[PDB]
Amino acid sequence: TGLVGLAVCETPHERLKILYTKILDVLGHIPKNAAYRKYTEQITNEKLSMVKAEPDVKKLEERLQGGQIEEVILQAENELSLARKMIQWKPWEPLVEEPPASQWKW
Amino acid sequence: XXXXXXXXXXXXXXXXXXXXXXXXXXXXXXXXXXXXXXXXXXXXXXXXXXXXXXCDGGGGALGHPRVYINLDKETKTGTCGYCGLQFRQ
Amino acid sequence: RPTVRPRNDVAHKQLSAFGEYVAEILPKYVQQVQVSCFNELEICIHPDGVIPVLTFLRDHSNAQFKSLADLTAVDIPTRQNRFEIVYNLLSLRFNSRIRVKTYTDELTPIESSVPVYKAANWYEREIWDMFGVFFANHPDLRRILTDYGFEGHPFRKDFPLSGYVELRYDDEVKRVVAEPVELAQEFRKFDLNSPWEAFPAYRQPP
Amino acid sequence: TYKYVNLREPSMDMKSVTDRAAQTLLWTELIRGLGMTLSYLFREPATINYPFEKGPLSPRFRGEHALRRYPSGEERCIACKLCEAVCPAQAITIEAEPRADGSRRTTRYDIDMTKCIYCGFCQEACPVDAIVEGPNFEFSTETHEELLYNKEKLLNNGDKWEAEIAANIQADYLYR
Amino acid sequence: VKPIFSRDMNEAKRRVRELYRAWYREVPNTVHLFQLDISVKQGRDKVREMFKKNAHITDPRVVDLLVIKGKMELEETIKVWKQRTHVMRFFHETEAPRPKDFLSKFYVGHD
Amino acid sequence: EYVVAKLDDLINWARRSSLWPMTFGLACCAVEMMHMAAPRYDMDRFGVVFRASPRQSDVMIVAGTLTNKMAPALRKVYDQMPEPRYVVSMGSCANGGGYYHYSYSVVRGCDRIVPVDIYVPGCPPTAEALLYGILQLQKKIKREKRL
Amino acid sequence: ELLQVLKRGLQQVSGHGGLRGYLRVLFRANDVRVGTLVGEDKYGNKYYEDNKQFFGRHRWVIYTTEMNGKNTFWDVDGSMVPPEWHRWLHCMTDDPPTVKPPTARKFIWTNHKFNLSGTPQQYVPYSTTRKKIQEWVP
Amino acid sequence: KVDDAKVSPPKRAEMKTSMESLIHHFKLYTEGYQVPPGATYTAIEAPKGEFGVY
Ligand SMILES: NC(=O)c1ccc[n+]([C@@H]2O[C@H](COP(=O)([O-])OP(=O)(O)OC[C@H]3O[C@@H](n4cnc5c(N)ncnc54)[C@H](OP(=O)(O)O)[C@@H]3O)[C@@H](O)[C@H]2O)c1
Ligand code: SF4
Ligand code: SF4
Ligand code: SF4
Ligand SMILES: [Zn+2]
């Protein structure tokens, strides 16, 4: 069995569990008062509970993905890169940038 | 009617002492047959019974929007906007 | 209504949740104005950070967009800030269309979308061609739709439709194709604009 | 919906391997591909020689422009500038003056064939049905000057096609 | 500051100098590789008259955009691109050309 | 005296027999030019051969729209052509810019680049009408070199 | 089966003309075919139909010898044939002299004209406006 | 066509008799549509890909 995409369908469990536990710590380094940490954490914790309850079932892969484990692993792989870029460039924690000129209607 | 060489059609001038026209020399210039609107006056005027009459070319098949023409004055017969056809009484 | 209405609003409140969710982060660096009409979402972005907005929506746990496919730009001389580069984004996993806009005049350079999106570099060349907006830290900025001996930027509303260099003769010189000739046929400028306002609610008080 | 293009290993063991190898060792499928054109050669070709035979058409077809007139003389074109503004190529030009006394129907009427992308828009926008698109193919010139149509005249010379136009418009009122 | 462009005031002037050297070396090379056309000396005179029209310098924002454009229209020869003595030719060949005088232009009657 | 007049027609008959056109895929017109190959309307081996080639071809069909980028490109093709050359401007774009015209990029007329002998007016130039362009070309060749 | 194919070709050559008639449909005409003919048109035009053969085909039709003043039999374009192009030629089902009659209005030309071409008496452009008048007199 | 005559031109038999039809025929041609203001993006599946009209 193999996925349709170029990413190889490898039989690996708990691989999703490592990456989802890693990203939670990165979020709790610099932003704390920001809403970015407060909202993303509760989605990841909801997804981690489904992995712990269901043992290698296709129904667990069907939850919020429905394209096997290979597509879900790609969602976790770029999550660490997105969290590190959000930690490096301050945007979520700080808001002080100038407002636009008053015009919008065409 | 023709002036010098070239024939006038639908009110058109040829050339003032031959200056503008030069291309139409080897090839013969076009001319519309009976473009003087002589066929407009050739058609006989139809008698009307009502005070206002509706005009049509030939129903919905031929392109003519319906216009009502008033007949009140004895002198000068009324004609529709699209046709040269005149109506009396 | 049976033929008069296209579709009734039902997903409008569902799409309005996105108008709150991204705004719940609340950056002055990113958010500014959020507009939602006719089953579609529109966001305009402050010039200082465009790349951090594009790294968002890419991946992300709540919404997965990935494809930052089609890229347009708007020329408008009404505002003090001229150009408006408009990103059209599409999701495959989520099935939704969101819009990313820029508000800056951008005669001065703007940040590129090449590190986030691969096909973005080809569209970025078109904006430099037609509009004349330079992208900072861009790999290979080359002319595509413009001529090799073309002056200015062909789309800008400041100059005519015919242009300055357009007519190309051959005549006297054996091989050299002409350029400096400028005359063209008369394009009839239509002044057709209807009296009375077209639609209510769209009217703005002076 | 899913349909799948991949065969996923047609050969398995012994019998299924040999026939998949036989088509690559010699040819077979090339000889089978040879037979496709073989029967295609025998069946009669659908060919039309133009100077004698003519191809299929329709009651409504757009070609070279020609302006129609009323059955009892009179030019049907009323001069509106209606067809002028609709024209996406801006091929049609119209300047109007009063005809002698009373009537007001045209003076300048040029349709460019250097322009004109053929829409039937001018046929549709016309309330009096002046420009009706006739079944035309024959038009070939030496110059642009000979190609672009003059002040009516050559358009009025469409009388040779107006007999067909009158037949075609009878299939046009209350559309098809 | 805002907005960056590439250089700040004095640094923008030296970017033009680097651009001038790259284009000065190509005009002898674009005779044998391209075509003879006019002259090597006359081609170098075409360079000086081009920079005279651009010579204003009030803000580095305007100068920086001219460098990017200068590394494009003058780059249409270095990496070998098709023109066939039609593109990248700046000088008018068929120009009349008109003059600015109240006796020369008024005799022809224009505007 | 009689042999001189009859031999001239024999050379003109050679071009009346076969004409090799250039396959320019620069248009929507080019898809209608591919309908000349389509069996229902054919000049294929009636006169037209789709081998083309920049040097061996006698005819070149300028298919539709030409931009200022293609203006030096199409000119050098015309120079590579042999002395008995005929140029057909098939399509309204080729005749003088059917659409666009007043646009900055599109070259008006084609005759500003390459001189035209036969004009075909049609946007989607119907294969029926396209058959005239080749038949008129064959008819136009009447007399060449008297002295 | 084999004998019927050879006999069908012999009947076609014997029907249309004979020895001189078959050569006119072979050398001048691109394809030789026999069937029902209307034979009613302006000048020397025949216009035949009713033949099955293939879909979207209405017999040989045949070009006219000396249509107006061309005086050509070897080479002829689609300049020939009067108002019948939208009739039995391609579009309509009814034949022009058999069922569906052409409408009379005394505006249409009685004699059919050929193509303009590069020959004299062809198409031309013409000015329309009388322009802005200017006059000076002693 | 759409029965509402502010978008699509009415029938040829209809416009010749009734009044409002021909005035709308006069204004749907020459003059455009009088469109509602706003930016919209549509994409319908092309066999090549998409036509993302904006
Ligand atoms: N560099 C020099 O050679 C030089 C130096 C000093 C001055 N010039 C002057 O510049 C001019 C150069 O012209 P050119 O020699 O380049 O012209 P050319 O090539 O001889 O061309 C003249 C054309 O006119 C036609 N023609 C002329 N007389 C004719 C006649 N009686 N009957 C029929 N056709 C006739 C010829 O057509 P056919 O071939 O079909 O008959 C020929 O194609 C000369 O008149 C000369 O006075 C030249
Ligand atoms: S062709 Fe029709 S729409 Fe155009 S000016 Fe004439 S009458 Fe009016
Ligand atoms: S067919 Fe189209 S382009 Fe041609 S004249 Fe009519 S409206 Fe204009
Ligand atoms: S004339 Fe029409 S079909 Fe031909 S290239 Fe132009 S737009 Fe396309
Ligand atoms: Zn009337």
# chains A, B, ... in the order shown; residues from 1 in each chain; ligands from 1
>>> select_by_dssp(residues="range 106-174 of chain C", states="alpha helix (DSSP H)", output="PDB file with C-alpha atoms, in the first residue's frame")
ATOM      1  CA  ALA C 120       4.840  33.322  -7.015  1.00  0.00           C
ATOM      2  CA  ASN C 121       8.080  34.498  -8.713  1.00  0.00           C
ATOM      3  CA  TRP C 122       6.498  34.334 -12.204  1.00  0.00           C
ATOM      4  CA  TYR C 123       3.553  36.509 -11.106  1.00  0.00           C
ATOM      5  CA  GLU C 124       5.968  38.914  -9.349  1.00  0.00           C
ATOM      6  CA  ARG C 125       7.648  39.531 -12.730  1.00  0.00           C
ATOM      7  CA  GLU C 126       4.265  40.559 -14.218  1.00  0.00           C
ATOM      8  CA  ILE C 127       3.668  43.158 -11.458  1.00  0.00           C
ATOM      9  CA  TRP C 128       7.126  44.651 -12.168  1.00  0.00           C
ATOM     10  CA  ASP C 129       6.248  44.572 -15.892  1.00  0.00           C
ATOM     11  CA  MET C 130       2.711  46.036 -16.023  1.00  0.00           C
TER      12      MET C 130
END
>>> select_by_dssp(residues="chain F", states="strand (DSSP E)", output="PyMOL selection string")
chain F and resi 59-61+86-90+118-120
>>> residues_near_ligand(ligand="ligand 1", cutoff="9 Å", atoms="only C-alpha atoms and all ligand atoms", output="PDB file with C-alpha atoms, in the first residue's frame")
ATOM      1  CA  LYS F 145       8.543  37.885 -66.893  1.00  0.00           C
ATOM      2  CA  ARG F 146       7.574  39.059 -70.400  1.00  0.00           C
ATOM      3  CA  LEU F 147      11.062  40.240 -71.450  1.00  0.00           C
TER       4      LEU F 147
END
>>> residues_near_ligand(ligand="ligand 2", cutoff="9 Å", atoms="only C-alpha atoms and all ligand atoms", output="count of residues only")
27
>>> closest_residue(among="H:44, H:36, H:23, H:28", to="chain B", atoms="only C-alpha atoms")
H:23
>>> residues_around(residues="range 39-43 of chain H", least_positions_apart="3", cutoff="7 Å", atoms="only C-alpha atoms", output="compact mmCIF listing (two decimals) with N, CA and C atoms, in the first residue's frame")
# COMPACT_ATOMS: atom_id res chain seq x y z
N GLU H 50 -7.75 26.40 -14.96
CA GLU H 50 -8.71 27.35 -14.39
C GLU H 50 -8.78 28.66 -15.18
N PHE H 51 -9.92 29.33 -15.08
CA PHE H 51 -10.05 30.72 -15.54
C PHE H 51 -10.42 31.60 -14.35
N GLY H 52 -9.40 31.96 -13.57
CA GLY H 52 -9.57 32.77 -12.37
C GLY H 52 -9.79 34.24 -12.67
N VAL H 53 -11.02 34.56 -13.08
CA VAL H 53 -11.41 35.94 -13.41
C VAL H 53 -11.60 36.74 -12.13
N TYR H 54 -10.90 37.87 -12.04
CA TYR H 54 -10.97 38.75 -10.88
C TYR H 54 -11.44 40.15 -11.28
>>> residues_around(residues="range 65-76 of chain G", least_positions_apart="2", cutoff="7 Å", atoms="only C-alpha atoms", output="MDAnalysis selection string")
(chainID D and resid 51) or (chainID G and resid 28 43:44 63 78 80)
>>> write_last_selection(atoms="N, CA, C and O atoms", output="PDB file, in the first residue's frame")
ATOM      1  N   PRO D  51     -14.388  23.848 -55.166  1.00  0.00           N
ATOM      2  CA  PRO D  51     -14.955  24.460 -56.384  1.00  0.00           C
ATOM      3  C   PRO D  51     -16.199  23.764 -56.963  1.00  0.00           C
ATOM      4  O   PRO D  51     -16.833  24.311 -57.872  1.00  0.00           O
TER       5      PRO D  51
ATOM      6  N   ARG G  28     -11.689  18.265 -65.752  1.00  0.00           N
ATOM      7  CA  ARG G  28     -12.126  19.560 -65.221  1.00  0.00           C
ATOM      8  C   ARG G  28     -12.664  19.441 -63.795  1.00  0.00           C
ATOM      9  O   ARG G  28     -12.313  20.245 -62.927  1.00  0.00           O
ATOM     10  N   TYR G  43     -27.186  31.842 -65.834  1.00  0.00           N
ATOM     11  CA  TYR G  43     -26.013  31.446 -66.638  1.00  0.00           C
ATOM     12  C   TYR G  43     -25.959  29.923 -66.882  1.00  0.00           C
ATOM     13  O   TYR G  43     -27.009  29.283 -67.008  1.00  0.00           O
ATOM     14  N   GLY G  44     -24.753  29.357 -66.950  1.00  0.00           N
ATOM     15  CA  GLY G  44     -24.565  27.929 -67.225  1.00  0.00           C
ATOM     16  C   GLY G  44     -24.340  27.061 -65.999  1.00  0.00           C
ATOM     17  O   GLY G  44     -23.498  26.159 -66.023  1.00  0.00           O
ATOM     18  N   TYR G  63     -19.336  23.731 -61.715  1.00  0.00           N
ATOM     19  CA  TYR G  63     -19.111  25.150 -62.000  1.00  0.00           C
ATOM     20  C   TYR G  63     -19.503  25.512 -63.433  1.00  0.00           C
ATOM     21  O   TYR G  63     -19.397  24.686 -64.345  1.00  0.00           O
ATOM     22  N   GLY G  78     -15.740  30.046 -56.449  1.00  0.00           N
ATOM     23  CA  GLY G  78     -17.128  30.152 -55.990  1.00  0.00           C
ATOM     24  C   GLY G  78     -17.794  31.490 -56.268  1.00  0.00           C
ATOM     25  O   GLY G  78     -18.695  31.903 -55.530  1.00  0.00           O
ATOM     26  N   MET G  80     -19.352  31.973 -59.154  1.00  0.00           N
ATOM     27  CA  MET G  80     -20.551  31.521 -59.858  1.00  0.00           C
ATOM     28  C   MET G  80     -21.690  31.160 -58.895  1.00  0.00           C
ATOM     29  O   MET G  80     -21.551  31.302 -57.673  1.00  0.00           O
TER      30      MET G  80
END
>>> residues_around(residues="range 3-17 of chain H", least_positions_apart="6", cutoff="6 Å", atoms="only C-alpha atoms", output="count of residues only")
4
